[PDB]
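Visitor: Chains as they are written, first to last, in this note's numbering: chain V, 231 to 386; chain X, 118 to 187; chain W, 1294 to 1378; chain B, 82 to 201; chain R, -12 to 81; chain D, 140 to 241.
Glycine included, every Cβ here is placed at the ideal spot set by N, Cα and C.
Got a structure here, written out as structure tokens. Questions coming.
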Amino acid sequence: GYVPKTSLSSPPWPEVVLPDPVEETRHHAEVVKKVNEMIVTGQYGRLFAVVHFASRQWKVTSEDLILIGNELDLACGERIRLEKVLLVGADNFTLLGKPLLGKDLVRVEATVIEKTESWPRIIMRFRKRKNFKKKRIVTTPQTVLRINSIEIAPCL
Amino acid sequence: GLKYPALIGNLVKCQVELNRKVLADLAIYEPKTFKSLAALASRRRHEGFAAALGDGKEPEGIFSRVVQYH
Amino acid sequence: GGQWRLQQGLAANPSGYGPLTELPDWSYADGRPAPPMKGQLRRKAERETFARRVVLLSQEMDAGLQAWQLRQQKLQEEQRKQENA
Amino acid sequence: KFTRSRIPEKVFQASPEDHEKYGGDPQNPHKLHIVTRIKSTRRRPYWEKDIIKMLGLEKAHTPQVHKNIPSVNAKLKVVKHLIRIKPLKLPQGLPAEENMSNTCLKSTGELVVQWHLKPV
Amino acid sequence: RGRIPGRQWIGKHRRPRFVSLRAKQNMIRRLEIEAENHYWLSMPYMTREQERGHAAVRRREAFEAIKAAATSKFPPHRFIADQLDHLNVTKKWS
Amino acid sequence: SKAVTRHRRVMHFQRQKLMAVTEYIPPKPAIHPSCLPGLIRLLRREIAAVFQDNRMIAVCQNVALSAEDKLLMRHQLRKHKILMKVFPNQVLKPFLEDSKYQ
RNA sequence: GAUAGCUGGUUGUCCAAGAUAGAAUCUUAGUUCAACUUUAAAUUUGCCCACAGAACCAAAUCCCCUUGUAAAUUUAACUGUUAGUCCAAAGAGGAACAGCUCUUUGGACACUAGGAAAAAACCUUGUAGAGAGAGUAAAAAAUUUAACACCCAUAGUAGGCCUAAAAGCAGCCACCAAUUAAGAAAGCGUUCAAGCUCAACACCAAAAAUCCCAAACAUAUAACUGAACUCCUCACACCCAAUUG
RNA sequence: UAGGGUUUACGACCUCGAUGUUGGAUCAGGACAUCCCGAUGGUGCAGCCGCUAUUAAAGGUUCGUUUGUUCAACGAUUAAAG
RNA sequence: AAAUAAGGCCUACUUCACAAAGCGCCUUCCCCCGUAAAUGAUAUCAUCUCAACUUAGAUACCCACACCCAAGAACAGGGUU
Ligand SMILES: [Mg+2]
Ligand SMILES: [Mg+2]
Ligand SMILES: [Mg+2]
Ligand SMILES: [Mg+2]
Ligand SMILES: [Mg+2]
Ligand SMILES: [Mg+2]
Ligand SMILES: [Mg+2]
Ligand SMILES: [Mg+2]
Ligand SMILES: [Mg+2]
Ligand SMILES: [Mg+2]
Ligand SMILES: [Mg+2]
Ligand SMILES: [Mg+2]
Ligand SMILES: [Mg+2]
Ligand SMILES: [Mg+2]
Ligand SMILES: [Mg+2]
């Protein structure tokens, strides 16, 4: 079933081929060992983690602020340990789970600064000739967080 | 060197759930992270194509094979 | 979006009874477990009520089947008794 | 006049080809269904709205279980075009008194009693 | 230039609406789901004759509970505690 | 408008969708078969009889002769004892090759 | 300060329930009853219900146990609705026309949300808030019919009836058969015959008046984007005309 | 079988706490189902005078007698008084 | 040579006067798609091309205080030896 080379004999995209599984696993293990050695040597600098807190994925780095639109019932001035991280890295290397990462692999330290409220939000509804005029003011609660640092271990 | 639909599909086909805000933030302030993500997406796309073509037997994609839970 | 999730059985919506939401979000720095959330408790109560209703329906169906079998046996015994005398 | 649409008997008659296509079987059939509304009640007759209200499917995309009996069978068929039906097969035993807090529905109908949060 | 009668969705003449692939695939998947539901609705378990009174006790209990809750419809009680505490509006210090 | 009309009434959106989805889909031949694989007995008998009775047969290319010319030729051939013959070639070629007349 | 079935208006915040079969009327721009709706209360059955039951001159409908449910009857109040429009079917008159007039069954509009371009009536979807979150319902018009197998012509003759005449086509009959192998003639043209072909044999859909109207690409691997719909952290009484509580 | 809303109606959908009603005067915008100036095919085309079908709207489209009436009769013109 | 519509003028003719106007005088230039023809195949005939290729097939005005005016409602413009 030979097909002479023509404008439509073969697909336009390049027909690439993947390597063997043995060599692929070998290279994977080699790169994993290299990354473990680099982490043990302390070459990383200023780590960053994507913390999925309050149903929102924040691109956290270090010394950054976060404001949540709800209450957590925590006294201002207490250390908190966040989890559900799935994208840790820095330079020349990255780390991500499937989806979340191991607890012993990442450690996000955060604290509470204040627990304020949102600015006076105005609610209003109107219609045409229906005498519909509804008004209401809402002031949802708010909080503030500060990630002290993001530690990492050579657990691999 | 990729498209948004195929990229999103490949990212979803790897248990790496990431919203669009974080993706844009990384692409803006982390070009290497987005490059690695695009490389992983292209690898997943190629693996899925090879599987659909040969029905595996028995590689099942080194990057595929989702982690089961219970 | 990703409808492929249904093929593996890991919830079409990633925020559905999965490890990304059911798992506790934060925790104390000393390692203590944070108290459960109100949404988690609501989902747990809903699951408990669903399981209770399913068990009750199964028990009712079993009782109905047993009652039908007993009625059939009683009718057969009555017919056998009437056959005599 | 748009009357109450009825359904004949030839429709609900599973054939060997249908059984081979799906996973269900005639002998030892399931006992409960997984009702999940996938269509709104609006733009439909009033009797269908009443049936939906009686079945308890106000919030769409919500699981629900009902008896697999002729009465409930017809009640479901009445709105079949507005609900998703699937069997409730339990891999293990029914939820005992000890297996009531750690449970999960899971898609494809698979009520697990040992619901944990760890990888295999 | 395309002048047509008033209102394009009613009257003797209307703008011809055409179907696309999205609606076709939607109808196809809907018909597939409907056929699956039909197949699932073709295998009873009690055959009617076995459900002539297997849960009437539960229905009667629910009806009795509803009747008791309805008959309980009565105004609330009254206490002197509130009437006496209402006098605290003029609480004075030394 | 009334149910029946002289013109083609515009069908409803759902009606048109159902009519389009329920269209006819003929089969799809994977290969298509388009690219896949009496009197004659009397003629043969007469040709065999002629071959058996051809003590002195001739062949010409009479075509440019009119009807009157053919009649005159037949008259001339009737004057001196000799007959004419006109047979096809499709039925004569097989017998020609079979009679060892290469 | 007349009356007036009539025009106009009838003042702060928020929550909830809230769309009618018809009849009478010196009457259809107004009124009452009935029906719908609201409040407090006593009672128990309210709806889809299954065998069956329900006429001589098609979709259907009534009762209907188990079964889903929690709705229904009455008492005592009283204001508000009682001119409707569109869509699918039965129709009625009209032109098997009208954003044409009127009923029966269902939906929508008078109540927000996402689209079909600007749309009430079309498709999807409702319990009401925030977040710089995730997953979905409806959702993008397609399509160009016309050649053709185009090689090649003796005759018993002008057959007979009428036709002064049609012999092969003003009209009727049988339509044989010699040419080696095929029309008492299938068309064209002749007053009438004269001439030219054929049957067969030998390779053979668009047009109306201010100016057409979203740029625009047939060739990188089916899946994406897409709501006030579902979910994620908190607490929930905080999206109907008139009327009512 | 397709296009018309220019004639007669047909329906009353905002416009009766106002859209001032026909001709005739200046001004004309646009469409061709084109009267004429440009080009073709046929013809019961020996030529003009004629007829038919397609394109071309850049231009032209009279002077007067009557009835209030666009319309309605008549005298003379130019290739034409659409 | 005459008119139509447009661009100009008072020296002859008039209304008339230190002007303006016409009845008076000068000028006005580019093809328009509707057809008829070489050469050959699908269709070795023939054949104009919704097959390949050839026939009737932009020129013009322009872009350095104060007095009078053929320039002008003001503004603005031209001259002021
Ligand atoms: Mg209109
Ligand atoms: Mg008064
Ligand atoms: Mg009156
Ligand atoms: Mg008024
Ligand atoms: Mg006032
Ligand atoms: Mg309400
Ligand atoms: Mg009277
Ligand atoms: Mg009307
Ligand atoms: Mg409305
Ligand atoms: Mg909601
Ligand atoms: Mg009106
Ligand atoms: Mg008026
Ligand atoms: Mg008035
Ligand atoms: Mg007015
Ligand atoms: Mg024309």
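If you measure from the beta carbon of residue 319 (chain V) to each beta carbon in chain X, is any gap under 8 angstroms?
Guide: Here residue 319 (chain V) is taken as the residue at index 89 of the first sequence, counted from 1. Closer than 8 angstroms to some Cβ of chain X, the Cβ of residue 319 (chain V) qualifies, so yes.
Visitor: DSSP three-state label for residue 43 (chain R), please.
Guide: As a position in the fifth sequence, residue 43 (chain R) is number 56, starting the count at 1. Helix at residue 43 (chain R).
Visitor: How is the beta strand (DSSP E) around residue 341 (chain V) delimited, first residue to last?
Guide: Numbered from 1 along the first sequence, position 111 holds the residue referred to as residue 341 (chain V). Per DSSP, residue 341 (chain V) belongs to the beta strand (DSSP E) from 336 to 342.
Visitor: Between the Cα of residue 144 (chain D) and the Cα atoms of R:0, R:-4 and R:-10, which residue gives the shortest distance?
Guide: The sequence position of residue 144 (chain D) within the sixth sequence is 5, counting from 1. Out of R:0, R:-4 and R:-10, R:0 has the C-alpha closest to the C-alpha of residue 144 (chain D).
Visitor: Using a Cβ-Cβ cutoff of 7 angstroms, what residues of the region 303 to 318 of chain V are near chain W? List them in chain order.
Guide: Per Cβ criterion, the list reads 309, 310, 311, 312, 313 and 314.
Visitor: Can you name the residues of chain V whose CB is closer than 7 angstroms to the CB of residue 163 (chain X)?
Guide: By one-based count along the second sequence, residue 163 (chain X) stands at place 46. Under the 7 angstroms cutoff, chain V gives 246 and 248.
Visitor: Would residue 132 (chain X) and residue 328 (chain V) qualify as a contact pair, given that the criterion is a beta-carbon distance under 8 angstroms?
Guide: Locating residue 132 (chain X) in the second sequence gives position 15, where the first residue counts as 1. Locating residue 328 (chain V) in the first sequence gives position 98, where the first residue counts as 1. Cβ atoms of residue 132 (chain X) and residue 328 (chain V): closer than 8 angstroms.
Visitor: Could you compute how far the alpha carbon of residue 38 (chain R) sits from the alpha carbon of residue 145 (chain B)?
Guide: If you number the fifth sequence from 1, residue 38 (chain R) lands on position 51. If you number the fourth sequence from 1, residue 145 (chain B) lands on position 64. C-alpha separation (whole angstroms): 21 angstroms.
Visitor: In this structure, how does DSSP classify residue 347 (chain V) when only helix, strand and coil are distinguished?
Guide: Start at 1 with the first residue of the first sequence, and residue 347 (chain V) comes out as number 117. DSSP places residue 347 (chain V) in strand when its eight states are reduced to three.
Visitor: If you follow the alpha helix (DSSP H) that residue 142 (chain B) is in, where does it begin and where does it stop?
Guide: The count along the fourth sequence starts at 1 and reaches residue 142 (chain B) at position 61. Looking at the DSSP string, residue 142 (chain B) is not in any alpha helix (DSSP H), and its letter there is neither H nor E.
Visitor: Identify the continuous alpha helix (DSSP H) that holds residue 132 (chain X) and give its terminal residues.
Guide: As a first step, residue 132 (chain X) must be located in the second sequence, where it is residue number 15. Careful: residue 132 (chain X) lies outside any alpha helix (DSSP H) and carries neither H nor E.
Visitor: Give the DSSP-derived three-state secondary structure of residue -5 (chain R) in the structure shown.
Guide: Locating residue -5 (chain R) in the fifth sequence gives position 8, where the first residue counts as 1. The answer is coil: DSSP assigns residue -5 (chain R) none of H, G, I, E or B.
Visitor: Say whether the region 198 to 207 of chain D touches the region 153 to 160 of chain D, bearing in mind that this needs 3 or more beta-carbon pairs closer than 8 angstroms, one atom from each stretch.
Guide: No: fewer than three Cβ pairs fall under 8 angstroms.
Visitor: So if DSSP puts residue 113 (chain B) in a beta bridge, which residue, or which two residues, is it bridged to?
Guide: Residue numbering aside, residue 113 (chain B) sits at position 32 when the fourth sequence is read from its first letter. The partner list for residue 113 (chain B) (beta bridge, DSSP) reads B:148.
Visitor: Could you work out which residues of chain W lie near residue 147 (chain X), taking near to mean beta carbons separated by less than 7 angstroms?
Guide: Within the second sequence, numbered from 1, the residue matching residue 147 (chain X) stands at position 30. Per Cβ cutoff of 7 angstroms: no residues; residue 147 (chain X) is ~22 angstroms from chain W at best.
Visitor: Thinking just about the alpha-carbon of each residue, which of B:106, B:105, B:113 and B:197 is nearest to the one in residue 1351 (chain W)?
Guide: Against the third sequence, residue 1351 (chain W) aligns to sequence position 58. Ranking the options by Cα distance to residue 1351 (chain W), first place goes to B:113.
Visitor: What is the DSSP secondary structure of residue 283 (chain V), counted as helix, strand or coil?
Guide: Within the first sequence, the letter at position 53 stands for residue 283 (chain V). Strand, per DSSP.
Visitor: Strictly below 9 angstroms CB to CB, what residues from chain B border residue 185 (chain X)?
Guide: Taking the first residue of the second sequence as position 1, residue 185 (chain X) is located at position 68. What residue 185 (chain X) touches in chain B: 200 and 201.
Visitor: How many Å lie between residue 200 (chain B) and residue 357 (chain V) at the Cα?
Guide: Walking along the fourth sequence from the start, residue 200 (chain B) turns up at place 119. Walking along the first sequence from the start, residue 357 (chain V) turns up at place 127. The straight-line gap from Cα to Cα measures roughly 54 angstroms.
Visitor: What separation, rounded to the nearest whole angstrom, lies between the Cα atoms of residue 371 (chain V) and residue 301 (chain V)?
Guide: For the purposes of this step, residue 371 (chain V) is taken as residue 141 along the first sequence, with counting starting at 1. For the purposes of this step, residue 301 (chain V) is taken as residue 71 along the first sequence, with counting starting at 1. Going from the Cα of residue 371 (chain V) to the Cα of residue 301 (chain V) covers about 6 angstroms.
Visitor: Can residue 318 (chain V) and residue 342 (chain V) be called in contact, C-beta distance under 8 angstroms?
Guide: Start at 1 with the first residue of the first sequence, and residue 318 (chain V) comes out as number 88. Start at 1 with the first residue of the first sequence, and residue 342 (chain V) comes out as number 112. No, the pair does not count as a contact, with Cβ atoms beyond the cut-off.
Visitor: Looking only at its own chain, which residues have a Cβ that is under 7 angstroms from the Cβ of residue 101 (chain B), when we skip the five neighbours before and after it?
Guide: As a first step, residue 101 (chain B) must be located in the fourth sequence, where it is residue number 20. Cβ neighbours of residue 101 (chain B) beyond the five flanking positions: none.
Visitor: Let's see if you can read the secondary structure: which residues bound the alpha helix (DSSP H) around residue 243 (chain V)?
Guide: The residue labelled residue 243 (chain V) in the question sits at position 13 within the first sequence. It is not in any alpha helix (DSSP H) - residue 243 (chain V) carries neither H nor E in the DSSP assignment.
Visitor: Among residues of its own chain, excluding the 5 on either side of residue 209 (chain B), which ones have a beta-carbon nearer than 8 angstroms to its beta-carbon?
Guide: Not covered by the structure: residue 209 (chain B). The range shown for chain B is 82 to 201.
Visitor: Where do the ends of the alpha helix (DSSP H) carrying residue 170 (chain X) lie?
Guide: Position 53 of the second sequence, counted from the start, is the residue given in the question as residue 170 (chain X). That run of the alpha helix (DSSP H) goes 148 to 171.
Visitor: Can you tell me which of V:375, V:237 and V:320 puts its alpha carbon nearest to the alpha carbon of residue 196 (chain X)?
Guide: Residue 196 (chain X) falls outside the range modelled here, since chain X spans only 118 to 187, and no answer is possible.
Visitor: Whose CA, out of B:132, B:158 and B:122, lies closest to the CA of residue 142 (chain B)?
Guide: In the fourth sequence, residue 142 (chain B) corresponds to position 61, counting from 1. Residue B:122 is the option with its Cα nearest to residue 142 (chain B).
Visitor: How would you label residue 367 (chain V), buried or exposed, when you count the other beta carbons within 10 angstroms and need 16 or more for buried?
Guide: Reading the first sequence from its first residue, position 137 is the one you call residue 367 (chain V). So residue 367 (chain V) ends up on the exposed side.
Visitor: Would you report the Cα separation of residue 233 (chain V) and residue 99 (chain B), rounded to the nearest angstrom?
Guide: Here residue 233 (chain V) corresponds to residue number 3 of the first sequence, with the count starting at 1. Here residue 99 (chain B) corresponds to residue number 18 of the fourth sequence, with the count starting at 1. Answer to the nearest angstrom: the Cα atoms are 41 angstroms apart.
Visitor: Grab me the residues of residue 167 (chain B)'s own chain with a C-beta within less than 8 angstroms of its C-beta, minus the 5 sequence neighbours each way, in chain order.
Guide: Against the fourth sequence, residue 167 (chain B) aligns to sequence position 86. Closer than 8 angstroms at the Cβ level, and outside the excluded window around residue 167 (chain B), lie 114, 115, 117, 189 and 190.
Visitor: Taking the straight line between their C-alpha atoms, what separation do you get for residue 22 (chain R) and residue 97 (chain B)?
Guide: Indexing the fifth sequence from 1 puts residue 22 (chain R) at position 35. Indexing the fourth sequence from 1 puts residue 97 (chain B) at position 16. Distance between the alpha carbons of residue 22 (chain R) and residue 97 (chain B) is about 15 angstroms.
Visitor: Just the chain W side, please: which residues come within less than 7 angstroms of residue 329 (chain V) by C-beta, in chain order?
Guide: Taking the first residue of the first sequence as 1, we reach residue 329 (chain V) at position 99. Correct list: 1313.
Visitor: For residue 150 (chain D), is the classification buried or exposed, using 16 other Cβ atoms within 10 angstroms of its Cβ as the cut-off for buried?
Guide: As a first step, residue 150 (chain D) is located in the sixth sequence; it is residue number 11 there, counting from the start. Result: exposed.
Visitor: By Cβ distance, which residues of its chain are closer than 7 angstroms to residue 186 (chain D), with the 5 residues on each side in sequence left out?
Guide: Against the sixth sequence, residue 186 (chain D) aligns to sequence position 47. Within the same chain, residue 186 (chain D) has close Cβ partners 226, 230, 231 and 234.
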